[PDB]
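S.K.: This is the structure I have questions about; it appears just below.
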Amino acid sequence: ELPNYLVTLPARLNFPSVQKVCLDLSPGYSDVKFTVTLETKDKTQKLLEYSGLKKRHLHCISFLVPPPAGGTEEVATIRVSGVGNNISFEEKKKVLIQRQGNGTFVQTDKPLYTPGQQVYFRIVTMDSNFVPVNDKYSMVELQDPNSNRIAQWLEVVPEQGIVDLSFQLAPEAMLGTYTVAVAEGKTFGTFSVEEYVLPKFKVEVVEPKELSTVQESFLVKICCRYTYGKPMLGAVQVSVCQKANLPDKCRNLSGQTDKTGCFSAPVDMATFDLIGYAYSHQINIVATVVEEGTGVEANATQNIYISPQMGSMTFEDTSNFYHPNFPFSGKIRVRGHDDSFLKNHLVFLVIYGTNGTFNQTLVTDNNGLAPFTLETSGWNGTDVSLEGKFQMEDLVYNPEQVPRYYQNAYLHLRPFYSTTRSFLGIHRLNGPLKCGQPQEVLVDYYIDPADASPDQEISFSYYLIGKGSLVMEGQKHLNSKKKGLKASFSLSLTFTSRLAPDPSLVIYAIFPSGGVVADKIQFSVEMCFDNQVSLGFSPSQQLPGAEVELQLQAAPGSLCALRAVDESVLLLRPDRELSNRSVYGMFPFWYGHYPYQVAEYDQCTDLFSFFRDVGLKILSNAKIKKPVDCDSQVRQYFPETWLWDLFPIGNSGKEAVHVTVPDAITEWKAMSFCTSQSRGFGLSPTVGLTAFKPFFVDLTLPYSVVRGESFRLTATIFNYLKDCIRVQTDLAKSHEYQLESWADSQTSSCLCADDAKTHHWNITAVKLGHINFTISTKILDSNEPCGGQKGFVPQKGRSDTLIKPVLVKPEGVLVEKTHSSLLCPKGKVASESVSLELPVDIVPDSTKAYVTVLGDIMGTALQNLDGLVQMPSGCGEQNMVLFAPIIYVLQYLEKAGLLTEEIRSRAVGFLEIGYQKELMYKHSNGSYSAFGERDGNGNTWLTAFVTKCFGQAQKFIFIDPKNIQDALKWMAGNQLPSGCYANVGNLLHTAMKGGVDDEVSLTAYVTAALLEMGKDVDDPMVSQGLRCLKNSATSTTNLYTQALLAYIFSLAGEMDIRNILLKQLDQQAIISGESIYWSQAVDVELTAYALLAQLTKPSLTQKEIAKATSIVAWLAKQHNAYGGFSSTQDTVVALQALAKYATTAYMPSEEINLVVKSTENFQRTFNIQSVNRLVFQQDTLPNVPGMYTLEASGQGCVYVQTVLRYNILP
Ligand SMILES: *[C@@H]1O[C@H](CO)[C@@H](O[C@@H]2O[C@H](CO)[C@@H](O)[C@H](O)[C@H]2NC(C)=O)[C@H](O)[C@H]1NC(C)=O
Ligand SMILES: *[C@@H]1O[C@H](CO)[C@@H](O[C@@H]2O[C@H](CO)[C@@H](O)[C@H](O)[C@H]2NC(C)=O)[C@H](O)[C@H]1NC(C)=O
Ligand SMILES: *[C@@H]1O[C@H](CO)[C@@H](O)[C@H](O)[C@H]1NC(C)=O
Ligand SMILES: *[C@@H]1O[C@H](CO)[C@@H](O)[C@H](O)[C@H]1NC(C)=O
Ligand SMILES: *[C@@H]1O[C@H](CO)[C@@H](O)[C@H](O)[C@H]1NC(C)=O
């Protein structure tokens, strides 16, 4: 009757991927040519050109999207056009072509390292379809806790999408959180270096998992297990505390575990006041287990929110909309107070509508599901509401009784836009669907006979849509000779990696009258990977020192990356999560609606809303859019990382290699992820291999022992054979250590089944470094039966020998002498002698000394200065705190040579769009105001601040003159020689106003703000300020005012009254290494203004340059005062101090050949280019402490710091 088209394409186009475009025809046509073209900025390509048929036919194809014109984002138009018989359909819509973000992660082999170990890390980058990419990382950097780049890798290539890089830490690497940052972006991975010892057991809460307010008492089961799965006996101390927003009430439980290793005790509600409004409903169970003999302890903390929820139901599988005059279906998940599956609970159901309120009573099943089917014949196309409750009566809660309530299920249903009386309904598929299994979808339909047109075939077009893109399609054809009967057909679907975790299915049918009948559901698929990889072991538990078979099952042509780590590492620090939820979560939230760039809105629930809720553009002339009204072994091993490997996968898809178990009785958590270019990414579940021995030895020893004390060694012997035995242990005696005559290191003891016994020694360490401790156990034959039975001897593994290292550090208090130098040749050779001297009362073998060369001041945060320009602001005080740092950032960058034209152009565009937003904030008195025209008189601090900003902003963008002169005249009018300052304004932000900002510092700040753009001394508006401030320096009050007075007399051109208060300023400088600083946040302001004062005089000596580098080395470590706009004026003074420092003395490195020499002619040569000048280079000094000469040649300055650490006796 009326022929019509329908064109489907996704909303968000993604450049590295292919997409789908689809066209649906009608009977008729057959001479009108439909072509669809994507008009982008530079060109226009056609998608598909096709002609109509005598039936409906869903014709669709893939395509490659053109690149965006802007580089990362472009709004393109899509246009369908059909020509023929002198008529031409044309219709255009807006789509968005953006470059999608490639998800990058990095993992390490451990989350925790000792000093002296090796850090391996893998960097993987993915598309949104989890296919790996081989783009070039520009720079991988590895950074200290002091934000010093200790390693970098330039232009690194991934193989098969993954790259693995290694770093050997120094054995005196300083502790803390080290960072791996990738490709100069927000992708980082942290790891801690600290002094630890591996724990052998895990304590966990078991029975309190969720708690209810209505229960009377609850059992606490604290249960603790070894890493190899065996229980122990140990003293348990549990604190069960309720906190408050005031003493906190706790109940403390003391106990001993049993043969199952679990400890249970009841706790009553009378301990905790669960009725108090001022008391929190979060209870804290902190358990501490000290196991018997050795005295080593472990913790287990769990914060439980006690629940006032008594019963919760939600509409689990129920559509959001109903068809008029057709039955509605849904099903409700009903849960109790503990989210349990209720046994046949009585669930009431009340509706809300214009016809009235109806009631229904239903009984759930064993799984708590409530299938309900409702008759919608009388609702008559109205917005209805559904409420699933526990009782008909409104719920009454008593303040005297405990808080308890029921979560009633609430839902709002809208009528579907029905211009026809036909029906679609898809039965939902319950819980989380298995990925890759072919699911059967059973859809019911009812075709109206008056809208049937039974002389032609009726077609059903379906799209299965995942992550905002068309995945699979079809058009089921069936005869209209059935006419009107309640029928059902089926669809065979398959969910894969391209499908969402919650993909959607849209089914419609178009009648020749023009009507559409449709239904859309959302599925629920588990987080799936197309590369189905399984990592397995056989026999999956074996004695240590033996070979297991390791099996990868991935797609053929994959590169697998395998990590097998000890569980004892994971008991200290939990590693960063590499699970399927984490990999899916870094691609943000899937494509729910149209973007704001290409959003369509009504100019004033249907199939257009169906394709909007999946984020797909529809173009159709049908009735789509609704009208809108508005035997022995030695156990030496490496118990930190067992396996860290890359494995190619052949054509079989299975790789089985033999790997040897390390000699630690523990559990190895193993995991693997594989990358294939055809199939994509796959992630194995974490499996475990239990390395276990029947009876064995275990040392209890700390990490570091200082030399010459006595420490308690505790060797525990475990027996897990099922009968009583007799052991004989012996500790090896060597010259590395001494013992205090504890039974001559030979004891024999009868130890029974499932039991541990601990021998103690107290040991003096005598030789420095890593020393060994060897102890062995043998089961000897019993001449007499101990315990009533003869001592059991096994057939295999009758002896166990264990060797464990101990780090030994020298005794005495550690003192350090640090010495700084700035070697800056300017075309010459610059040399400097450094003497290493020490008193003669040292402990021997304590003198460590290392030199450090660093080519550039400050580490990562110069790239954070690029991040300071973004997020534009034009409302409130958000603009004035952000317009100011930009000119100082580019002032520092153009004086350091790191300014590029792209960030310059983007920054001056930001200066234009912020410069035009400072004119409506201008006060009516010719001043400046935070509100704009309201604030009273002009604020002296804010007008001084904007004369500071626009006095330096004319060298980048055009600034009008007249604001400077009328602001100058208002400084002349608002200041008197009798009375200066007169602050009448305030900042909009709370608890931060800038500096200390009293009256004398405000006068000093405004008088500093008057000069240094075009002005000098003895002007009329600075003469009254210096008359106010000549006697202000005589007062010698405060520290911020003192440093700012030292700065404002540095710009006055005098050298007599400014150096006299620097003598009382440098003596109170607190010293941290070779980085001296002051503190009265505010400390950065004091150091920046003191640095700005010290580099103002034209005569500069090398002691002042060394003092300036000492200030700058403290300013280099700050990365929150600059790099973020959290402070209104700390960033501007810090960057102008660093910019004036780079003006005066320090140009950064370009090429320095440095060489150090000693008395033993130890010639050590450092080469510093312009590409590794941020790499913190260092080297130890093997020569006995004395003379060291330092000579550098080339262009640039280098910072050379010599640190000598040694220990002395008090
Ligand atoms: C994500 O990875 C893809 C794959 O390399 C990148 O696509 C490349 O983009 C550059 C841009 O200059 C093109 O020259 C290449 O031809 C593209 N390659 C492919 C295979 O499409 C994409 O730019 C990356 N996106 C991000 C945000 O890094
Ligand atoms: C403990 O003594 C041994 C023997 O001198 C040291 O070296 C080990 O030697 C065996 C011999 O094959 C190797 O298999 C081990 O891998 C070595 N251990 C290492 C490299 O850690 C051992 O270093 C000593 N322990 C110390 C000094 O802490
Ligand atoms: C366990 O908790 C206590 C109390 O805060 C703390 O002193 C102790 O260091 C903790 N032990 C470990 C291994 O975290
Ligand atoms: C993927 O995640 C789901 C839960 O989101 C869960 O089944 C499991 O952690 C993973 N399953 C598979 C098969 O990877
Ligand atoms: C060291 O061991 C001996 C032998 O048992 C003991 O008498 C002495 O008290 C121990 N010293 C310390 C400090 O524990």
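Lettering and numbering for the structure tokens are positional, with chains as A, B, ... in the shown order, residues counted from 1 in each chain, and ligands counted from 1 in the shown order.
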Near residue 1015 of chain A, within 12 Å and counting only C-alpha atoms, which residues show up once chain neighbours fewer than 4 positions away are dropped, as a PyMOL selection string?
M.R.: chain A and resi 951+964+968+1007-1011+1019-1022+1051-1052
S.K.: For those residues, write C-alpha atoms to a file as an mmCIF file, in the first residue's frame.
M.R.:
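Produced file result-v9.cif, reproduced below:
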data_model
loop_
_atom_site.group_PDB
_atom_site.id
_atom_site.type_symbol
_atom_site.label_atom_id
_atom_site.label_comp_id
_atom_site.auth_asym_id
_atom_site.auth_seq_id
_atom_site.Cartn_x
_atom_site.Cartn_y
_atom_site.Cartn_z
ATOM 1 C CA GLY A 951 51.013 42.509 33.245
ATOM 2 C CA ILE A 964 45.967 48.563 33.669
ATOM 3 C CA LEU A 968 46.623 51.829 38.674
ATOM 4 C CA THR A 1007 53.515 46.875 45.932
ATOM 5 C CA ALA A 1008 55.219 43.891 44.296
ATOM 6 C CA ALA A 1009 52.304 43.701 41.853
ATOM 7 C CA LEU A 1010 52.725 47.349 40.827
ATOM 8 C CA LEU A 1011 56.247 47.055 39.370
ATOM 9 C CA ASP A 1019 56.464 56.259 41.205
ATOM 10 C CA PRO A 1020 53.600 58.030 43.061
ATOM 11 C CA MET A 1021 51.653 54.817 43.742
ATOM 12 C CA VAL A 1022 54.686 52.901 45.057
ATOM 13 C CA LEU A 1051 63.191 44.536 43.246
ATOM 14 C CA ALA A 1052 63.725 48.020 44.719
#
S.K.: When you look at residue 565 of chain A with a cut-off of 6 Å (counting only C-alpha atoms), what residues show up, excluding the ones that are within fewer than 2 positions of it in the same chain? I need them as a PyMOL selection string.
M.R.: chain A and resi 641-642+668-669
S.K.: Write out as a ChimeraX atom specification all residues of segment 377-541 of chain A that DSSP puts in strand (DSSP E or B) for this structure's backbone.
M.R.: /A:384-389,405-407,409-415,423-426,433,438-446,458-466,469-478,487-494,504-510,516-522,525,534-538,541
S.K.: Report as a list in words which protein, DNA and RNA residues come within 9 Å of ligand 1, using only C-alpha atoms and all ligand atoms.
M.R.: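 I would give the residues around ligand 1 as residues 15, 16, 17, 67, 71, 72, 99, 100, 101, 102, 103, 125, 126, 127, 132, 133, 134, 135 and 136 of chain A.
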S.K.: Now that the selection is made, can you save its residues with N, CA, C and O atoms as an mmCIF file, in the first residue's frame?
M.R.:
data_model
loop_
_atom_site.group_PDB
_atom_site.id
_atom_site.type_symbol
_atom_site.label_atom_id
_atom_site.label_comp_id
_atom_site.auth_asym_id
_atom_site.auth_seq_id
_atom_site.Cartn_x
_atom_site.Cartn_y
_atom_site.Cartn_z
ATOM 1 N N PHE A 15 37.091 4.400 14.698
ATOM 2 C CA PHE A 15 37.994 4.364 13.546
ATOM 3 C C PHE A 15 38.801 3.067 13.353
ATOM 4 O O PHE A 15 38.849 2.598 12.202
ATOM 5 N N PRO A 16 39.427 2.426 14.354
ATOM 6 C CA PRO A 16 40.165 1.192 14.034
ATOM 7 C C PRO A 16 39.311 -0.055 13.820
ATOM 8 O O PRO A 16 39.880 -1.146 13.708
ATOM 9 N N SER A 17 37.983 0.044 13.759
ATOM 10 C CA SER A 17 37.121 -1.121 13.636
ATOM 11 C C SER A 17 36.214 -1.005 12.416
ATOM 12 O O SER A 17 36.012 0.079 11.863
ATOM 13 N N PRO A 67 38.459 8.200 8.508
ATOM 14 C CA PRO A 67 38.997 8.838 9.712
ATOM 15 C C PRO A 67 38.302 10.154 10.006
ATOM 16 O O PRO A 67 37.752 10.800 9.096
ATOM 17 N N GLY A 71 40.993 14.618 13.892
ATOM 18 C CA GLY A 71 42.051 13.788 14.425
ATOM 19 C C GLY A 71 41.530 12.770 15.414
ATOM 20 O O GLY A 71 41.993 11.626 15.443
ATOM 21 N N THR A 72 40.562 13.178 16.236
ATOM 22 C CA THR A 72 39.993 12.279 17.225
ATOM 23 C C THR A 72 38.477 12.354 17.344
ATOM 24 O O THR A 72 37.904 11.547 18.083
ATOM 25 N N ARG A 99 37.883 8.535 17.427
ATOM 26 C CA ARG A 99 38.935 7.558 17.654
ATOM 27 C C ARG A 99 38.742 6.967 19.041
ATOM 28 O O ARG A 99 38.838 7.684 20.043
ATOM 29 N N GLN A 100 38.446 5.672 19.097
ATOM 30 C CA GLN A 100 38.154 5.028 20.366
ATOM 31 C C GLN A 100 39.422 4.850 21.192
ATOM 32 O O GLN A 100 40.530 4.719 20.663
ATOM 33 N N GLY A 101 39.250 4.890 22.511
ATOM 34 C CA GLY A 101 40.376 4.751 23.414
ATOM 35 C C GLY A 101 40.821 3.308 23.499
ATOM 36 O O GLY A 101 40.017 2.409 23.764
ATOM 37 N N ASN A 102 42.107 3.083 23.273
ATOM 38 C CA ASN A 102 42.689 1.754 23.361
ATOM 39 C C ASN A 102 43.065 1.474 24.808
ATOM 40 O O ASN A 102 43.833 2.229 25.412
ATOM 41 N N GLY A 103 42.511 0.404 25.367
ATOM 42 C CA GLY A 103 42.719 0.107 26.769
ATOM 43 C C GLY A 103 44.070 -0.507 27.053
ATOM 44 O O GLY A 103 44.399 -1.565 26.516
ATOM 45 N N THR A 125 48.085 -3.414 25.213
ATOM 46 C CA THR A 125 47.141 -2.420 24.723
ATOM 47 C C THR A 125 46.133 -3.114 23.809
ATOM 48 O O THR A 125 46.504 -3.965 22.997
ATOM 49 N N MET A 126 44.854 -2.760 23.953
ATOM 50 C CA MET A 126 43.744 -3.486 23.356
ATOM 51 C C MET A 126 42.836 -2.514 22.630
ATOM 52 O O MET A 126 42.730 -1.354 23.029
ATOM 53 N N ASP A 127 42.145 -2.994 21.604
ATOM 54 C CA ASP A 127 40.987 -2.267 21.106
ATOM 55 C C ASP A 127 39.758 -2.612 21.942
ATOM 56 O O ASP A 127 39.807 -3.431 22.862
ATOM 57 N N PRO A 132 44.432 -7.221 20.061
ATOM 58 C CA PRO A 132 45.641 -6.479 20.422
ATOM 59 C C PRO A 132 46.146 -5.609 19.290
ATOM 60 O O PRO A 132 45.949 -5.897 18.108
ATOM 61 N N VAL A 133 46.815 -4.526 19.675
ATOM 62 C CA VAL A 133 47.405 -3.604 18.720
ATOM 63 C C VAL A 133 48.903 -3.533 18.968
ATOM 64 O O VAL A 133 49.394 -3.795 20.068
ATOM 65 N N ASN A 134 49.630 -3.172 17.919
ATOM 66 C CA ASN A 134 51.082 -3.122 17.944
ATOM 67 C C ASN A 134 51.581 -1.709 17.677
ATOM 68 O O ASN A 134 52.552 -1.502 16.948
ATOM 69 N N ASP A 135 50.909 -0.718 18.258
ATOM 70 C CA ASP A 135 51.364 0.656 18.144
ATOM 71 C C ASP A 135 52.614 0.875 18.988
ATOM 72 O O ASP A 135 52.898 0.140 19.934
ATOM 73 N N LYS A 136 53.366 1.906 18.627
ATOM 74 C CA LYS A 136 54.625 2.192 19.297
ATOM 75 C C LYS A 136 54.357 3.001 20.557
ATOM 76 O O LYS A 136 53.742 4.070 20.496
#
S.K.: Where does chain A meet ligand 5 within 6 Å, residue by residue, with the nearest atom pair and distance in Å to one decimal for each, counting only C-alpha atoms and all ligand atoms, listed by chain and rising number, as a tab-separated table?
M.R.:
residue	atom	partner	partner_atom_place_in_ligand_line	distance
A:740	CA	ligand 5	2 (O)	5.7
A:742	CA	ligand 5	4 (C)	5.2
A:762	CA	ligand 5	1 (C)	5.0
S.K.: Counting only C-alpha atoms and all ligand atoms, what residues are within 8 Å of ligand 2, given as a list in words?
M.R.: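 Those within range of ligand 2 are residues 636, 637, 638, 769, 770, 771, 772, 773, 803, 804, 805, 806 and 807 of chain A.
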S.K.: Go ahead and write the residues just picked, C-alpha atoms, as a short mmCIF file (atom, residue, chain, number, x, y, z; two decimals), in the first residue's frame.
M.R.:
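Output file part24.cif follows:
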data_model
loop_
_atom_site.label_atom_id
_atom_site.label_comp_id
_atom_site.auth_asym_id
_atom_site.auth_seq_id
_atom_site.Cartn_x
_atom_site.Cartn_y
_atom_site.Cartn_z
CA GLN A 636 67.08 -24.03 48.22
CA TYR A 637 64.69 -22.08 46.07
CA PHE A 638 63.25 -18.76 44.93
CA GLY A 769 75.60 -9.35 54.09
CA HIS A 770 73.36 -12.25 53.21
CA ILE A 771 74.27 -15.26 55.35
CA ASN A 772 72.90 -18.79 55.20
CA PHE A 773 71.06 -20.83 57.82
CA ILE A 803 68.63 -23.28 53.68
CA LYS A 804 67.38 -19.76 54.36
CA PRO A 805 69.22 -16.43 53.96
CA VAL A 806 69.37 -13.53 56.41
CA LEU A 807 70.41 -9.99 55.49
#
S.K.: Around ligand 3, at most 8 Å away and counting only C-alpha atoms and all ligand atoms, which residues are there? Put them as a CSV table (one decimal) with N, CA, C and O atoms, in the first residue's frame, please.
M.R.:
chain,number,residue,atom,x,y,z
A,288,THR,N,43.3,-11.5,65.4
A,288,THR,CA,44.7,-11.6,65.4
A,288,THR,C,45.1,-13.0,65.9
A,288,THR,O,44.7,-13.3,67.1
A,297,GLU,N,52.5,-13.6,64.2
A,297,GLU,CA,51.1,-13.3,64.2
A,297,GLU,C,50.6,-12.9,62.8
A,297,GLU,O,51.3,-12.7,61.9
A,298,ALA,N,49.2,-12.9,62.7
A,298,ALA,CA,48.6,-12.4,61.5
A,298,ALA,C,47.2,-11.8,61.8
A,298,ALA,O,46.7,-12.1,62.9
A,299,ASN,N,46.8,-10.9,60.9
A,299,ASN,CA,45.5,-10.2,61.1
A,299,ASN,C,44.5,-10.6,60.2
A,299,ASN,O,44.7,-11.2,59.1
A,300,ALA,N,43.2,-10.2,60.5
A,300,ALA,CA,42.1,-10.4,59.6
A,300,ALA,C,41.1,-9.4,60.0
A,300,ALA,O,40.4,-9.5,61.0
A,572,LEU,N,50.6,-10.6,51.8
A,572,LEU,CA,51.1,-9.3,52.2
A,572,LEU,C,50.4,-8.1,51.5
A,572,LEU,O,49.7,-7.3,52.1
S.K.: For a quick check of understanding, using only C-alpha atoms and all ligand atoms, which of A:735, A:581, A:757, A:593 has the smallest distance to ligand 4?
M.R.: A:581
S.K.: Please report the interatomic distance between atom CA of residue 112 of chain A and atom CA of residue 171 of chain A in Å with one decimal.
M.R.: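 According to the coordinates, atom CA of residue 112 of chain A and atom CA of residue 171 of chain A are separated by 14.9 Å.
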S.K.: Using the chain letters and numbers from this document, which residues of segment 983-1149 of chain A does DSSP assign to alpha helix (DSSP H), as a PyMOL selection string?
M.R.: chain A and resi 999-1010+1020-1029+1032-1035+1040-1048+1082-1094+1102-1115+1130-1144
S.K.: Please list as a list in words every residue within 7 Å of segment 839-852 of chain A, counting only C-alpha atoms and excluding residues in the same chain fewer than 4 positions away.
M.R.: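 What passes the distance filter is residues 810, 1177, 1178, 1179, 1180, 1181, 1200, 1201, 1202, 1203, 1204, 1205, 1206, 1207 and 1208 of chain A.
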S.K.: Name the residues in contact with residue 664 of chain A at a cut-off of 10 Å, using only C-alpha atoms, excluding same-chain residues fewer than 5 positions from it; report them as a PDB file with N, CA, C and O atoms, in the first residue's frame.
M.R.:
ATOM      1  N   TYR A 228      49.572 -24.119  52.468  1.00  0.00           N
ATOM      2  CA  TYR A 228      49.487 -25.451  51.902  1.00  0.00           C
ATOM      3  C   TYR A 228      48.230 -26.195  52.333  1.00  0.00           C
ATOM      4  O   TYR A 228      48.136 -27.406  52.112  1.00  0.00           O
ATOM      5  N   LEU A 543      55.055 -32.918  45.325  1.00  0.00           N
ATOM      6  CA  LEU A 543      56.163 -32.637  46.227  1.00  0.00           C
ATOM      7  C   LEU A 543      57.090 -31.581  45.629  1.00  0.00           C
ATOM      8  O   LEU A 543      57.283 -31.551  44.409  1.00  0.00           O
ATOM      9  N   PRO A 544      57.652 -30.687  46.447  1.00  0.00           N
ATOM     10  CA  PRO A 544      58.554 -29.664  45.908  1.00  0.00           C
ATOM     11  C   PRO A 544      59.877 -30.258  45.452  1.00  0.00           C
ATOM     12  O   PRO A 544      60.435 -31.152  46.090  1.00  0.00           O
ATOM     13  N   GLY A 545      60.371 -29.750  44.327  1.00  0.00           N
ATOM     14  CA  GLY A 545      61.514 -30.347  43.670  1.00  0.00           C
ATOM     15  C   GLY A 545      61.160 -31.379  42.629  1.00  0.00           C
ATOM     16  O   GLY A 545      61.972 -32.269  42.353  1.00  0.00           O
ATOM     17  N   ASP A 566      53.845 -16.913  44.250  1.00  0.00           N
ATOM     18  CA  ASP A 566      53.530 -17.523  45.533  1.00  0.00           C
ATOM     19  C   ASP A 566      52.320 -16.824  46.143  1.00  0.00           C
ATOM     20  O   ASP A 566      52.096 -15.629  45.936  1.00  0.00           O
ATOM     21  N   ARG A 635      66.482 -28.029  50.210  1.00  0.00           N
ATOM     22  CA  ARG A 635      65.462 -27.089  49.759  1.00  0.00           C
ATOM     23  C   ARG A 635      66.053 -25.684  49.711  1.00  0.00           C
ATOM     24  O   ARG A 635      65.962 -24.901  50.652  1.00  0.00           O
ATOM     25  N   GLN A 636      66.688 -25.383  48.586  1.00  0.00           N
ATOM     26  CA  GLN A 636      67.081 -24.031  48.219  1.00  0.00           C
ATOM     27  C   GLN A 636      66.305 -23.628  46.969  1.00  0.00           C
ATOM     28  O   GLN A 636      66.095 -24.443  46.064  1.00  0.00           O
ATOM     29  N   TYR A 637      65.816 -22.395  46.949  1.00  0.00           N
ATOM     30  CA  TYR A 637      64.694 -22.084  46.074  1.00  0.00           C
ATOM     31  C   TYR A 637      64.625 -20.585  45.827  1.00  0.00           C
ATOM     32  O   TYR A 637      65.570 -19.839  46.106  1.00  0.00           O
ATOM     33  N   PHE A 638      63.479 -20.154  45.306  1.00  0.00           N
ATOM     34  CA  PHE A 638      63.250 -18.756  44.934  1.00  0.00           C
ATOM     35  C   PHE A 638      61.759 -18.462  45.072  1.00  0.00           C
ATOM     36  O   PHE A 638      61.005 -18.408  44.096  1.00  0.00           O
ATOM     37  N   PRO A 639      61.295 -18.260  46.303  1.00  0.00           N
ATOM     38  CA  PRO A 639      59.859 -18.334  46.583  1.00  0.00           C
ATOM     39  C   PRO A 639      59.121 -17.026  46.375  1.00  0.00           C
ATOM     40  O   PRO A 639      58.260 -16.669  47.185  1.00  0.00           O
ATOM     41  N   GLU A 640      59.416 -16.311  45.301  1.00  0.00           N
ATOM     42  CA  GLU A 640      58.770 -15.032  45.065  1.00  0.00           C
ATOM     43  C   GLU A 640      57.983 -15.029  43.770  1.00  0.00           C
ATOM     44  O   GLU A 640      56.795 -14.697  43.770  1.00  0.00           O
ATOM     45  N   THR A 690      49.491 -26.731  44.743  1.00  0.00           N
ATOM     46  CA  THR A 690      49.898 -26.839  46.138  1.00  0.00           C
ATOM     47  C   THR A 690      51.188 -27.642  46.207  1.00  0.00           C
ATOM     48  O   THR A 690      51.183 -28.859  45.997  1.00  0.00           O
ATOM     49  N   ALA A 691      52.295 -26.962  46.481  1.00  0.00           N
ATOM     50  CA  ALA A 691      53.549 -27.639  46.773  1.00  0.00           C
ATOM     51  C   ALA A 691      53.523 -28.033  48.240  1.00  0.00           C
ATOM     52  O   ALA A 691      53.513 -27.165  49.118  1.00  0.00           O
ATOM     53  N   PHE A 692      53.502 -29.334  48.509  1.00  0.00           N
ATOM     54  CA  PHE A 692      53.329 -29.840  49.859  1.00  0.00           C
ATOM     55  C   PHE A 692      54.234 -31.041  50.071  1.00  0.00           C
ATOM     56  O   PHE A 692      54.457 -31.832  49.154  1.00  0.00           O
ATOM     57  N   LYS A 693      54.745 -31.168  51.286  1.00  0.00           N
ATOM     58  CA  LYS A 693      55.566 -32.277  51.733  1.00  0.00           C
ATOM     59  C   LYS A 693      54.940 -32.819  53.010  1.00  0.00           C
ATOM     60  O   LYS A 693      54.285 -32.061  53.733  1.00  0.00           O
ATOM     61  N   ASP A 698      60.614 -25.331  58.919  1.00  0.00           N
ATOM     62  CA  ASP A 698      60.347 -23.958  58.524  1.00  0.00           C
ATOM     63  C   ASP A 698      61.063 -23.021  59.483  1.00  0.00           C
ATOM     64  O   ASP A 698      60.972 -23.187  60.702  1.00  0.00           O
ATOM     65  N   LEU A 802      66.807 -27.510  54.886  1.00  0.00           N
ATOM     66  CA  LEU A 802      66.312 -26.200  54.492  1.00  0.00           C
ATOM     67  C   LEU A 802      67.393 -25.153  54.715  1.00  0.00           C
ATOM     68  O   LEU A 802      67.996 -25.092  55.795  1.00  0.00           O
TER      69      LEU A 802
END
S.K.: With only C-alpha atoms as the atoms that count, which of A:65, A:304, A:1138, A:715 lies nearest to residue 1089 of chain A?
M.R.: A:1138
S.K.: Counting only C-alpha atoms and all ligand atoms, which of A:164, A:338, A:258, A:502 gets nearest to ligand 4?
M.R.: A:502
S.K.: Excluding residue 1169 of chain A and any residue of its chain fewer than 5 positions from it, enumerate the residues within 8 Å of it, using only C-alpha atoms, and give them as a ChimeraX atom specification.
M.R.: /A:1149-1152
S.K.: Which polymer residues have any atom within 7 Å of an atom of segment 446-454 of chain A, counting only C-alpha atoms, with same-chain residues fewer than 2 positions away left out, as an NGL selection string?
M.R.: :A and (421-424 or 456 or 480-481 or 483-487 or 511)
S.K.: Once you count only C-alpha atoms and all ligand atoms, which residues end up within 7 Å of ligand 4, and could you hand them over as a JSON list (two decimals) with C-alpha atoms, in the first residue's frame?
M.R.:
[["chain", "number", "residue", "atom", "x", "y", "z"],
["A", 526, "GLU", "CA", 29.01, -13.26, 31.35],
["A", 527, "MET", "CA", 32.24, -11.33, 30.76],
["A", 528, "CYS", "CA", 33.55, -13.39, 27.86],
["A", 579, "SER", "CA", 40.26, -10.33, 35.87],
["A", 580, "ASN", "CA", 37.66, -10.21, 33.12],
["A", 581, "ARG", "CA", 35.70, -7.57, 35.05],
["A", 685, "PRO", "CA", 41.11, -18.31, 35.52]]
S.K.: For residue 1084 of chain A, which of A:520, A:1117, A:623, A:281 is the closest residue, counting only C-alpha atoms?
M.R.: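 Distance minimum relative to residue 1084 of chain A lands on A:1117.
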